[PDB]
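Student: Encoded as structure tokens, here's the structure I'll be asking about.
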Amino acid sequence: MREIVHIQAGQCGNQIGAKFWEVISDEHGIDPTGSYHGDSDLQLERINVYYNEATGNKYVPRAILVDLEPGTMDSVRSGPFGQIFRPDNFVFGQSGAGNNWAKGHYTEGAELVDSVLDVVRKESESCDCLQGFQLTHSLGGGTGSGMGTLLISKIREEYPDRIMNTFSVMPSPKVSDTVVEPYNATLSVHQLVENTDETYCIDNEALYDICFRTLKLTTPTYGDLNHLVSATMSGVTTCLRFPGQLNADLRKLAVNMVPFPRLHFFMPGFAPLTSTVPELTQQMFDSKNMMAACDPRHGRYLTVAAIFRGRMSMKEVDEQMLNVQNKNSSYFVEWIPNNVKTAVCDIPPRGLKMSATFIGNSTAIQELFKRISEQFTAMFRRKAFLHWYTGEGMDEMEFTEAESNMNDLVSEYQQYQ
Amino acid sequence: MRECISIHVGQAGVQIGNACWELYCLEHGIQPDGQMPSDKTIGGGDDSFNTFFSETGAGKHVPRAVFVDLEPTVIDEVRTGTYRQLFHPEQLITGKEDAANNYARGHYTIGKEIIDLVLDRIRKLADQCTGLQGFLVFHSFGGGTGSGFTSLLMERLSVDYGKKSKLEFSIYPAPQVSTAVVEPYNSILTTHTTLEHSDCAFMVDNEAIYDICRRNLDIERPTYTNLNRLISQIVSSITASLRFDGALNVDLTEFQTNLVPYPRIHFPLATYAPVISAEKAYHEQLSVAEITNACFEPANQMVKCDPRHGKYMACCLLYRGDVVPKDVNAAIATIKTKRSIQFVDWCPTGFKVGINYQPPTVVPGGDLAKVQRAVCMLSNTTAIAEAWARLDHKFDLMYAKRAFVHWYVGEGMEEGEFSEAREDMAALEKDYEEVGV
Amino acid sequence: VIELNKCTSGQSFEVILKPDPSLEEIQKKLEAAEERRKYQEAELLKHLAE
Amino acid sequence: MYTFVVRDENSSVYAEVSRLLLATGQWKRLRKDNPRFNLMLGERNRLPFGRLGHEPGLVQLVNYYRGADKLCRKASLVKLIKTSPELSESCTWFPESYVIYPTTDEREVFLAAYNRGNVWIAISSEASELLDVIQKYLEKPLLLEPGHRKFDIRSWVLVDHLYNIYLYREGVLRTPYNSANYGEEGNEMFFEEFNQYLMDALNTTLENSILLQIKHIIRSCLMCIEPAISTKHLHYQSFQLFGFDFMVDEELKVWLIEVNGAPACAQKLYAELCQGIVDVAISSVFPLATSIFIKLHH
Ligand SMILES: CC(C)[C@@H](O)C(=O)N[C@H]1Cc2ccc3c(c2)[C@@]2(c4cc(F)ccc4N[C@@H]2O3)c2oc(nc2-c2nc(CO)co2)[C@H](C(C)(C)C)NC1=O
Ligand SMILES: Nc1nc2c(ncn2[C@@H]2O[C@H](COP(=O)(O)OP(=O)(O)OP(=O)(O)O)[C@@H](O)[C@H]2O)c(=O)[nH]1
Ligand SMILES: Nc1ncnc2c1ncn2[C@@H]1O[C@H](COP(=O)(O)OP(=O)(O)CP(=O)(O)O)[C@@H](O)[C@H]1O
Ligand SMILES: Nc1nc2c(ncn2[C@@H]2O[C@H](COP(=O)(O)OP(=O)(O)O)[C@@H](O)[C@H]2O)c(=O)[nH]1
Ligand SMILES: [Ca+2]
Ligand SMILES: [Mg+2]
């Protein structure tokens with residue numbers, strides 16, 4: 001203990017998720033076969049949080065891979081560290097969801113969901129003291145978004161007092177994918193607002209801008225973006241995988257990051273962006289360094305959790321931090337005293353030696369949600385592509401409902417600025 | 001010989017307890033296996049150190065201590081510890097999931113389920129006590145266990161041991177090492193519920209300890225280990241009177257008698273000197289007048305505040321080592337004319353002085369230099385109210401927006417308990433205000 | 001220097017320069033908190049059932 | 001990048017000081033109630049001293065001395081002079097003063113003094129008509145010429161965090177005297193003029209005849225309460241500008257009248273003095289990229 005059960009769902013969920021296990025396997029010293037080859041026995045100390053132990057000193061990621069089509073998960077299995085996952089934790093269908101939230105949530109998803117929970121239930125039964133769940137997925141599609149959120153609802157029902165955490169990739173109008181992303185993201189955001197304690201929000205528009213402008217990459221691929229994501233996923237889980245006092249577990253993190261229950265949507269940041277202390281601190285706080293589209297200067301920070309990783313004075317880190325808290329100044333709420341926390345971990349990520357990770361609960365995220373709302377309304381008033389959803393049994397009212405739930409969320413952020 | 005039981009609650013109380021008990025053993029010459037060659041009476045006795053140590057027929061000197069925490073991580077460090085042979089399993093109580101920095105969680109949800117168990121292990125100790133005086137309770141303000149569970153244990157201890165004294169050692173939250181944003185909430189909540197249940201409380205502001213550790217001991221980023229070793233020294237000099245032959249504060253009740261004229265105003269300010277860096281073990285040897293004068297310098301206080309802008313109602317001076325009454329008198333006379341010392345009218349401008357000839361013990365390999373004389377001053381000044389004010393302010397900033405409140409309501413606490421506790425504190429600030437000028 | 005007491009471990013003196021809840025009440029408040037938790041959790045499960 | 005906050009918009013001097021600070025670029029003014037600041041230009045009353053110097057990695061300075069109100073209250077100053085052995089009855093530069101409350105205090109002892117020229121102020125000649133602080137009125141003031149006009153001296157004193165006592169070289173005389181209208185410009189007589197008068201009319205300088213006693217009085221007052229309000233080893237540092245008000249009698253003896261803890265400034269002297277305040281008081285603890293002060297040593 002305290003163990004986290006990881007769930008990755010849909011294409012985006014499994015591709016981002018697979019890379020995550022790659023990067024943190026490499027930090028805890030676990031090889032593609034599951035054997036430990038780490039130099040420092042400091043990695044093994046909190047290894048239990050993400051790995052189960054088997055005979056033959058094998059470490060197996062407590063992870064459940066879920067999709068409604070076999071495609072992406074055969075690609076995971078054939079990928080690097082593919083064999084480290086339990087064969088039995090692969091749960092997939094054959095029909096697919098066709099980028100359709102309704103299929104993921106109500107029909108095709110419903111047929112597969114119970115057997116996913118059978119795996120979840122067996123991983124939990126093997127936990128001395130289960131902490132909660134971590135879901136990786138996108139909101140724009142069908143399986144991650146639709147069946148991911150159905151899963152979250154189910155998990156909540158069976159494990160009512162466990163923390164539910166997710167890394168959620170949101171759609172952007174800058175990045176063209178399925179024409180129905182606004183429908184799927186909107187239907188999902190309401191689910192998240194109700195059923196998660198913490199949701200890390202990232203979108204590909206911001207990850208694109210980083211890869212392009214910062215990393216000087218002319219035309220980015222999923223490979224490039226997922227590198228950023230995997231690195232950021234390592235950073236914000238640092239405090240859970242290595243010894244420390246701040247944000248020790250999920251519930252304590254939630255208690256320090258979430259002032260109001262519905263506002264638990266965080267913007268992550270990383271430095272240095274991978275393709276000095278003041279420089280490293282300046283980047284991670286930079287607007288053009290955020291992992292989601294919205295400009296942090298358009299709102300205020302309710303809470304901030306920064307995790308520095310490596311070997312550094314930390315005297316100066318404290319200096320640089322406050323230099324930011326005052327250089328920004330206007331962007332922090334004054335009714336939450338000492339709302340910026342700083343953690344430090346000795347073991348640096350693979351090939352960096354020095355690193356930082358930003359986690360901000362910012363009201364500026366409201367723009368992200370308002371944008372998706374406007375997209376959804378533009379389509380829904382014309383009822384375009386709607387028949388794919390009512391075809392699966394959904395009512396128009398359920399759409400009107402998710403729309404206003406969205407605007408409600410955007411409004412609640414508005415109160416606090 | 002009346003016994004004292006020390007109760008350590010949550011991470012801070014636990015880790016500090018360990019630092020204290022290590023020091024006690026060194027001061028009483030007790031081995032990490034509980035053996036004490038200096039002790040000629042085997043299987044018992046009524047010696048002063050028996051107020052803190054029981055004796056088994058085998059000759060093990062066992063601390064009258066109980067460690068409690070809702071997470072096993074910190075207690076385990078005591079089990080595999082150097083002085084592990086001291087303690088037996090019954091003394092160490094450990095849960096599985098902690099209070100997540102949530103007072104309501106420590107008090108209502110978790111607390112309800114473990115309170116009886118803690119009382120049983122406590123009763124096992126008291127059951128071995130010929131004449132129990134009461135309890136010393138170590139805990140933080142900010143933690144969910146330290147605040148939430150402590151208040152519940154205090155409430156029960158009043159019921160199960162009505163005519164027994166309770167003193168606290170409380171760690172006051174400092175954001176420079178603080179691990180939570182809701183510590184002001186937890187602080188006010190636990191102070192409100194414990195108030196009518198504590199006879200005398202010694203607050204230690206981590207801000208102060210951290211600063212002293214930097215300025216006096218030359219340490220960039222002070223560890224809890226660093227802080228807890230300095231805290232253990234001060235606790236040691238505060239408890240020395242209970243553990244050694246003397247006449248000043250030899251009973252827990254004498255602590256309120258000499259320090260607390262007004263029941264509610266029971267938080268005396270502690271000041272300690274000298275604190276010297278061990279790495280430079282060639283320093284000048286401070287005099288009685290110098291360490292005495294240092295007790296009135298804010299930079300050696302456990303709580304940063306300005307005693308010049310409040311009134312005293314009681315002041316006790318605890319010396320350790322090479323000191324005779326002659327020098328104290330001279331040092332007090334010169335300091336009185338030199339510095340602003342203003343007592344309340346309905347109190348005599350007086351100092352109670354205790355001297356223990358045994359010089360302060362230092363932990364080997366530690367960070368403090370050993371000195372031939374030290375002093376801890378306990379003083380009940382209204383100036384400490386600055387701390388209450390500071391804390392109430394941060395509370396008001398958040399509570400005006402009801403920030404983080406849902407976490408507490410969700411655990412079954414009603415929102416009314418916030419305004420109830422805050423009103424109690426506003427009242428407290430008023431009490432210092434009245435006495436103060 | 002009034003009240004000078006002296007022993008082999010040290011000495012003490014004084015210088016003068018100038019002249020509640022019962023067991024039931026606790027149980028009730030505890031159990032009430034428990035009931036409110038149970039109610040809040042019942043409302044959640046009813047919601048999840050709908 | 002240093003940060004400050006203003007909590008007394010009503011202050012004219014630090015209105016300039018805030019202007020200069022901003023005009024140096026290296027200073028950014030925060031919102032009035034922002035905790036994370038380097039310099040506070042604090043409010044005139046009930047300044048929350050207890051919350052200062054408690055911000056991690058932040059050296060905080062405040063432009064007021066906590067406890068310095070003992071020297072800036074009518075009844076306080078009397079209680080200080082008649083209690084402090086530093087001053088006491090061994091103090092002859094401060095008029096025979098007694099304090100009383102409106103219906104303990106000194107109402108009965110004041111009588112014996114009046115019984116044993118008895119013009120007092122609180123303005124009146126006889127005692128009974130005064131009941132409706134008491135200080136014996138300077139019946140023999142130093143009348144300027146021409147005009148036969150009364151005046152008072154105003155010197156500005158700056159005490160920094162190191163407790164250096166700085167006397168601003170520019171003072172001011174704030175100008176028909178009936179024993180038993182304006183326009184010098186604006187009833188202000190600066191030191192260069194007053195010095196010239198005292199030279200022509202009385203054959204003495206401003207320095208010898210008055211300023212020596214002034215500096216003496218300054219040192220004595222502030223040195224008296226130094227152990228009560230110093231911030232040498234305090235968790236926060238403070239400085240403060242004082243306005244001493246003096247009066248000069250017939251035989252050129254200086255008397256202390258008032259001590260103002262929130263003094264204004266003569267318009268011409270505003271720029272120079274506030275600039276000095278920045279240089280000597282603010283910039284000395286917070287560095288950046290001849291002296292208008294006379295420091296009274298001690
Ligand atoms: C400014 C610019 C961002 C905007 O005009 C735009 O929408 N460009 C699309 C073009 C696009 C649209 C849909 C789309 C792909 C690309 C898409 C793609 C390209 C292939 F050759 C084969 C399969 C796929 N699947 C993905 O589906 C894709 O899009 C982006 N990356 C990828 C992708 N990377 C990989 C390698 O891991 C496979 O697929 C990137 C990405 C999401 C930004 C990383 N998306 C695009 O390049
Ligand atoms: N001086 C000192 N302070 C500590 C120590 N450990 C924790 N603290 C402080 O205590 C506060 C946090 O409370 P904890 O004691 O860690 O929490 P807890 O009592 O264990 O309760 P939980 O929430 O259940 O963990 C913070 O303000 C810390 O700075 C310690 O060992 N020494
Ligand atoms: N004993 C005395 N004899 C003669 N004149 C006196 C005097 N005491 C005060 N004065 C006169 O009082 C005037 C200034 O008054 P005072 O200094 O008391 O101001 P004030 O109390 O009204 C508010 P402030 O402190 O801001 O000036 C001077 O011009 C001086 O001539
Ligand atoms: N960052 C990232 N985004 C992805 C990846 N794969 C798909 N997406 C995004 O996810 C959305 C499509 O949902 P997807 O996961 O592919 O559908 P699903 O399989 O039904 O869950 C679009 O916004 C894609 O841009 C990936 O590997 N990385
Ligand atoms: Ca014995
Ligand atoms: Mg804990």
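In the structure tokens, the first chain shown is A, the next is B, and so on; residue numbers restart at 1 for each chain, and ligands run from 1 in the order shown.
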Find the spatial neighbours of residue 50 of chain C, counting only C-alpha atoms, within a cut-off of 12 Å - ignore same-chain residues fewer than 4 positions away - and output them as number ranges by chain.

Tutor: A: 153, 157; C: 43-46

Student: Take the residues from that selection and put them in a file with N, CA and C atoms, as a PDB file, in the first residue's frame.

Tutor:
```pdb
ATOM      1  N   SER A 153     -18.152   5.656 -13.577  1.00  0.00           N
ATOM      2  CA  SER A 153     -19.420   5.582 -12.859  1.00  0.00           C
ATOM      3  C   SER A 153     -19.555   4.250 -12.133  1.00  0.00           C
ATOM      4  N   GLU A 157     -19.468   3.401  -7.997  1.00  0.00           N
ATOM      5  CA  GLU A 157     -20.557   2.658  -7.367  1.00  0.00           C
ATOM      6  C   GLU A 157     -20.034   1.528  -6.482  1.00  0.00           C
TER       7      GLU A 157
ATOM      8  N   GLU C  43     -27.437   8.982  -0.604  1.00  0.00           N
ATOM      9  CA  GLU C  43     -27.894   9.866  -1.666  1.00  0.00           C
ATOM     10  C   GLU C  43     -27.072   9.645  -2.930  1.00  0.00           C
ATOM     11  N   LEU C  44     -25.786   9.350  -2.754  1.00  0.00           N
ATOM     12  CA  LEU C  44     -24.899   9.093  -3.885  1.00  0.00           C
ATOM     13  C   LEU C  44     -25.305   7.821  -4.615  1.00  0.00           C
ATOM     14  N   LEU C  45     -25.560   6.763  -3.851  1.00  0.00           N
ATOM     15  CA  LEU C  45     -25.879   5.462  -4.421  1.00  0.00           C
ATOM     16  C   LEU C  45     -27.258   5.456  -5.084  1.00  0.00           C
ATOM     17  N   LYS C  46     -28.188   6.228  -4.531  1.00  0.00           N
ATOM     18  CA  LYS C  46     -29.504   6.389  -5.139  1.00  0.00           C
ATOM     19  C   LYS C  46     -29.369   7.097  -6.478  1.00  0.00           C
TER      20      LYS C  46
END
```

Student: Residues of chain D within 8 Å of chain A: nearest atom pair and distance (Å, one decimal) for each, counting only C-alpha atoms, sorted by chain and number, as a tab-separated table?

Tutor:
```
residue	atom	partner	partner_atom	distance
D:1	CA	A:327	CA	7.7
D:3	CA	A:326	CA	7.5
D:30	CA	A:329	CA	7.6
D:34	CA	A:334	CA	6.9
D:36	CA	A:326	CA	7.3
D:57	CA	A:319	CA	7.0
```

Student: Can those selected residues be exported to a file as a PDB file, in the first residue's frame so that it contains C-alpha atoms?

Tutor:
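So again17.pdb came out as:
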```pdb
ATOM      1  CA  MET D   1      12.019  43.107  -8.085  1.00  0.00           C
ATOM      2  CA  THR D   3       7.121  44.687  -3.888  1.00  0.00           C
ATOM      3  CA  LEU D  30       0.800  45.138  -4.928  1.00  0.00           C
ATOM      4  CA  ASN D  34      -1.502  41.241  -0.401  1.00  0.00           C
ATOM      5  CA  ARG D  36       3.594  38.684  -0.053  1.00  0.00           C
ATOM      6  CA  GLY D  57      12.098  33.888   2.144  1.00  0.00           C
TER       7      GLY D  57
END
```

Student: Tell me which protein, DNA and RNA residues are within 6 Å of segment 265-274 of chain B, counting only C-alpha atoms, leaving out same-chain ones fewer than 6 positions away, and put them as a list in words.

Tutor: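 The residues satisfying every condition are residues 200, 201, 202, 291, 295, 300, 301, 302, 374, 375, 376, 377, 378, 379 and 380 of chain B.
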
Student: Per residue of chain C within 9 Å of chain B, what are the shortest atom pair and its distance in Å to one decimal, counting only C-alpha atoms, with rows by chain and residue number, as a Markdown table?

Tutor:
```
| residue | atom | partner | partner_atom | distance |
| --- | --- | --- | --- | --- |
| C:1 | CA | B:329 | CA | 8.3 |
| C:5 | CA | B:247 | CA | 6.6 |
| C:6 | CA | B:246 | CA | 7.8 |
| C:7 | CA | B:246 | CA | 6.9 |
| C:8 | CA | B:245 | CA | 8.0 |
| C:9 | CA | B:357 | CA | 5.7 |
| C:10 | CA | B:356 | CA | 4.6 |
| C:11 | CA | B:355 | CA | 5.3 |
| C:12 | CA | B:354 | CA | 4.4 |
| C:13 | CA | B:353 | CA | 5.4 |
| C:14 | CA | B:352 | CA | 4.5 |
| C:15 | CA | B:351 | CA | 5.3 |
| C:16 | CA | B:350 | CA | 4.3 |
| C:17 | CA | B:349 | CA | 5.6 |
| C:18 | CA | B:349 | CA | 4.9 |
| C:19 | CA | B:348 | CA | 4.0 |
| C:20 | CA | B:196 | CA | 7.6 |
| C:21 | CA | B:155 | CA | 7.4 |
| C:22 | CA | B:159 | CA | 6.6 |
| C:23 | CA | B:159 | CA | 6.7 |
| C:26 | CA | B:155 | CA | 8.0 |
| C:27 | CA | B:112 | CA | 8.8 |
| C:29 | CA | B:108 | CA | 8.8 |
| C:30 | CA | B:108 | CA | 6.0 |
| C:31 | CA | B:108 | CA | 8.5 |
| C:32 | CA | B:412 | CA | 7.8 |
| C:33 | CA | B:412 | CA | 4.3 |
| C:34 | CA | B:412 | CA | 6.1 |
| C:35 | CA | B:412 | CA | 7.6 |
| C:36 | CA | B:412 | CA | 5.2 |
| C:37 | CA | B:412 | CA | 4.8 |
| C:38 | CA | B:412 | CA | 8.5 |
| C:40 | CA | B:410 | CA | 7.4 |
```

Student: Residues of the last selection are to be written out with C-alpha atoms, as a compact mmCIF listing (two decimals), in the first residue's frame.

Tutor:
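Just written: selection.txt:
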```txt
# COMPACT_ATOMS: atom_id res chain seq x y z
CA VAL C 1 15.22 35.25 47.24
CA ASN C 5 14.97 24.75 48.27
CA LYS C 6 18.22 22.86 47.80
CA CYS C 7 19.25 19.28 46.99
CA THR C 8 22.09 17.30 45.43
CA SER C 9 20.60 17.64 41.93
CA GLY C 10 20.15 21.41 42.10
CA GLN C 11 18.15 24.13 43.80
CA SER C 12 15.14 26.36 43.30
CA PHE C 13 14.09 29.78 44.56
CA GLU C 14 11.86 32.74 43.76
CA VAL C 15 12.85 36.37 43.16
CA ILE C 16 10.23 39.07 43.61
CA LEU C 17 11.11 42.48 42.16
CA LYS C 18 7.74 44.18 42.66
CA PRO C 19 4.21 43.29 43.87
CA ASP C 20 -17.91 19.59 29.95
CA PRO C 21 -18.99 16.75 27.58
CA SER C 22 -20.02 13.40 29.08
CA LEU C 23 -19.49 9.93 27.62
CA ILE C 26 -19.55 12.46 23.04
CA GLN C 27 -21.10 9.27 21.68
CA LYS C 29 -22.09 13.80 18.53
CA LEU C 30 -19.95 11.01 17.09
CA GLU C 31 -22.92 8.91 15.96
CA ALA C 32 -24.68 11.95 14.51
CA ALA C 33 -21.63 12.61 12.33
CA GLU C 34 -21.82 8.96 11.29
CA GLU C 35 -25.52 9.22 10.36
CA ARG C 36 -24.86 12.29 8.21
CA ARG C 37 -22.08 10.46 6.38
CA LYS C 38 -24.37 7.46 5.80
CA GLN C 40 -24.73 11.54 2.13
```

Student: Near residue 133 of chain A, within 12 Å and counting only C-alpha atoms, which residues show up once chain neighbours fewer than 6 positions away are dropped, as JSON, numbers by chain?

Tutor: {"A": [2, 3, 4, 5, 6, 7, 8, 49, 50, 62, 63, 64, 120, 121, 123, 124, 151, 152, 154, 155, 156, 159, 160, 161, 162, 163, 164, 165, 166, 167, 195, 196, 197, 198, 199, 249, 250, 251]}

Student: Report as a PyMOL selection string all protein, DNA and RNA residues lying within 9 Å of residue 406 of chain B, evaluated on only C-alpha atoms, omitting residues in the same chain fewer than 5 positions from it.

Tutor: (chain A and resi 259-261) or (chain B and resi 411+415)

Student: Restricting the output to C-alpha atoms, write the selected residues as a JSON list (two decimals), in the first residue's frame.

Tutor:
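For reference, part_19.json as written:
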```json
[["chain", "number", "residue", "atom", "x", "y", "z"],
["A", 259, "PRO", "CA", -11.26, 24.05, -2.86],
["A", 260, "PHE", "CA", -14.62, 23.33, -4.46],
["A", 261, "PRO", "CA", -15.70, 19.77, -5.45],
["B", 411, "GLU", "CA", -16.88, 13.41, 6.67],
["B", 415, "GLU", "CA", -20.49, 23.58, 8.77]]
```

Student: Taking the backbone alone, and naming residues the way the document does, which bits of segment 201-239 of chain A are alpha helix (DSSP H) by DSSP, as a ChimeraX atom specification?

Tutor: /A:204-209,222-235,238-239

Student: Could you give me the residues within segment 28-228 of chain D that DSSP places in strand (DSSP E or B), as a PyMOL selection string?

Tutor: chain D and resi 28-29+39-41+61-62+97-98+120-121+124+134-136+141+144+149+153-159+165-168+172-174+188-189

Student: Based on only C-alpha atoms, which of the residues in chain D come within 6 Å of chain B? I want them as a list in words.

Tutor: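 Written out as asked, the residues are residues 50, 51 and 56 of chain D.
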
Student: Should the cut-off be 12 Å, what would the residue list for chain B against chain A look like, counting only C-alpha atoms, as number ranges by chain?

Tutor: B: 11-12, 71-74, 95-103, 105, 143-144, 173-185, 214, 219-224, 390-411

Student: Considering only C-alpha atoms, tabulate each residue of segment 113-185 of chain D that lies at most 6 Å from segment 283-295 of chain D along with its nearest interatomic pair and the corresponding distance in Å to one decimal; arrange the rows by chain and ascending residue number and present them as CSV.

Tutor:
```
residue,atom,partner,partner_atom,distance
D:165,CA,D:295,CA,5.5
D:166,CA,D:295,CA,4.3
D:167,CA,D:294,CA,4.6
D:168,CA,D:293,CA,4.6
D:169,CA,D:293,CA,5.7
```

Student: Write the selection just made, keeping N, CA and C atoms, as a JSON list (two decimals), in the first residue's frame?

Tutor:
```json
[["chain", "number", "residue", "atom", "x", "y", "z"],
["D", 165, "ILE", "N", 19.76, 57.85, 13.94],
["D", 165, "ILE", "CA", 18.86, 58.98, 14.05],
["D", 165, "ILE", "C", 19.27, 60.12, 13.12],
["D", 166, "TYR", "N", 18.50, 60.31, 12.05],
["D", 166, "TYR", "CA", 18.84, 61.27, 11.00],
["D", 166, "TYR", "C", 18.02, 62.56, 11.09],
["D", 167, "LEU", "N", 18.72, 63.68, 11.19],
["D", 167, "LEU", "CA", 18.09, 64.99, 11.22],
["D", 167, "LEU", "C", 18.14, 65.66, 9.84],
["D", 168, "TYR", "N", 16.98, 65.80, 9.21],
["D", 168, "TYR", "CA", 16.90, 66.47, 7.92],
["D", 168, "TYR", "C", 17.32, 67.94, 8.06],
["D", 169, "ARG", "N", 18.38, 68.32, 7.36],
["D", 169, "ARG", "CA", 19.00, 69.64, 7.50],
["D", 169, "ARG", "C", 18.02, 70.79, 7.29]]
```

Student: Sorted by chain and rising residue number, which residues of chain A lie within 8 Å of ligand 1, and what are their closest atom pairs and distances in Å to one decimal, counting only C-alpha atoms and all ligand atoms, as CSV?

Tutor:
```
residue,atom,partner,partner_atom_place_in_ligand_line,distance
A:174,CA,ligand 1,4 (C),5.8
A:175,CA,ligand 1,7 (O),3.6
A:176,CA,ligand 1,7 (O),3.6
A:177,CA,ligand 1,13 (C),4.6
A:178,CA,ligand 1,13 (C),7.7
A:204,CA,ligand 1,43 (C),5.7
A:205,CA,ligand 1,43 (C),6.7
A:207,CA,ligand 1,43 (C),7.7
A:208,CA,ligand 1,43 (C),5.5
A:219,CA,ligand 1,47 (O),6.9
A:220,CA,ligand 1,44 (C),5.3
A:221,CA,ligand 1,34 (N),3.8
A:222,CA,ligand 1,34 (N),3.8
A:223,CA,ligand 1,37 (O),4.1
A:224,CA,ligand 1,44 (C),7.2
A:225,CA,ligand 1,44 (C),6.0
```

Student: Residues as selected, C-alpha atoms, written as a compact mmCIF listing (two decimals), in the first residue's frame, can you do that?

Tutor:
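Here's the written file selection.txt:
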```txt
# COMPACT_ATOMS: atom_id res chain seq x y z
CA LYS A 174 -7.07 23.69 -34.11
CA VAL A 175 -6.46 19.94 -34.41
CA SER A 176 -8.79 18.16 -36.80
CA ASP A 177 -9.98 14.66 -35.94
CA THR A 178 -13.50 13.19 -35.82
CA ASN A 204 -3.17 18.40 -28.54
CA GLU A 205 -3.31 22.02 -29.65
CA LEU A 207 1.15 19.94 -27.10
CA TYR A 208 1.38 20.81 -30.78
CA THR A 219 5.26 18.57 -38.33
CA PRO A 220 4.54 16.77 -35.03
CA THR A 221 3.21 13.21 -34.76
CA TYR A 222 1.42 11.24 -32.03
CA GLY A 223 4.89 9.97 -31.16
CA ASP A 224 6.15 13.47 -30.38
CA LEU A 225 3.12 14.56 -28.37
```

Student: Please build the interface table for chain B against ligand 5 with a cut-off of 9 Å, listing for each qualifying residue the nearest atom pair and the distance in Å to one decimal; count only C-alpha atoms and all ligand atoms, order rows by chain and increasing number, and write it as JSON lines.

Tutor:
```
{"residue": "B:36", "atom": "CA", "partner": "ligand 5", "partner_atom_place_in_ligand_line": "1 (Ca)", "distance": 8.4}
{"residue": "B:38", "atom": "CA", "partner": "ligand 5", "partner_atom_place_in_ligand_line": "1 (Ca)", "distance": 8.9}
{"residue": "B:39", "atom": "CA", "partner": "ligand 5", "partner_atom_place_in_ligand_line": "1 (Ca)", "distance": 5.2}
{"residue": "B:40", "atom": "CA", "partner": "ligand 5", "partner_atom_place_in_ligand_line": "1 (Ca)", "distance": 6.3}
{"residue": "B:41", "atom": "CA", "partner": "ligand 5", "partner_atom_place_in_ligand_line": "1 (Ca)", "distance": 4.2}
{"residue": "B:42", "atom": "CA", "partner": "ligand 5", "partner_atom_place_in_ligand_line": "1 (Ca)", "distance": 5.3}
{"residue": "B:43", "atom": "CA", "partner": "ligand 5", "partner_atom_place_in_ligand_line": "1 (Ca)", "distance": 6.4}
{"residue": "B:44", "atom": "CA", "partner": "ligand 5", "partner_atom_place_in_ligand_line": "1 (Ca)", "distance": 4.5}
{"residue": "B:45", "atom": "CA", "partner": "ligand 5", "partner_atom_place_in_ligand_line": "1 (Ca)", "distance": 4.4}
{"residue": "B:46", "atom": "CA", "partner": "ligand 5", "partner_atom_place_in_ligand_line": "1 (Ca)", "distance": 7.0}
{"residue": "B:47", "atom": "CA", "partner": "ligand 5", "partner_atom_place_in_ligand_line": "1 (Ca)", "distance": 6.4}
{"residue": "B:49", "atom": "CA", "partner": "ligand 5", "partner_atom_place_in_ligand_line": "1 (Ca)", "distance": 8.4}
{"residue": "B:50", "atom": "CA", "partner": "ligand 5", "partner_atom_place_in_ligand_line": "1 (Ca)", "distance": 7.3}
{"residue": "B:54", "atom": "CA", "partner": "ligand 5", "partner_atom_place_in_ligand_line": "1 (Ca)", "distance": 8.5}
{"residue": "B:55", "atom": "CA", "partner": "ligand 5", "partner_atom_place_in_ligand_line": "1 (Ca)", "distance": 6.8}
{"residue": "B:59", "atom": "CA", "partner": "ligand 5", "partner_atom_place_in_ligand_line": "1 (Ca)", "distance": 8.1}
{"residue": "B:61", "atom": "CA", "partner": "ligand 5", "partner_atom_place_in_ligand_line": "1 (Ca)", "distance": 8.2}
```

Student: Skip residue 62 of chain B itself and residues of its chain fewer than 2 positions away, then list as a ChimeraX atom specification all residues within 9 Å of it, counting only C-alpha atoms.

Tutor: /B:34,52-56,60,64-65,85-88

Student: Tell me, as a VMD selection string, which residues lie within 12 Å of residue 190 of chain D, counting only C-alpha atoms; anything in the same chain fewer than 2 positions away does not count.

Tutor: chain D and resid 151 to 155 169 to 175 184 to 188 192 to 197 206 266 to 269
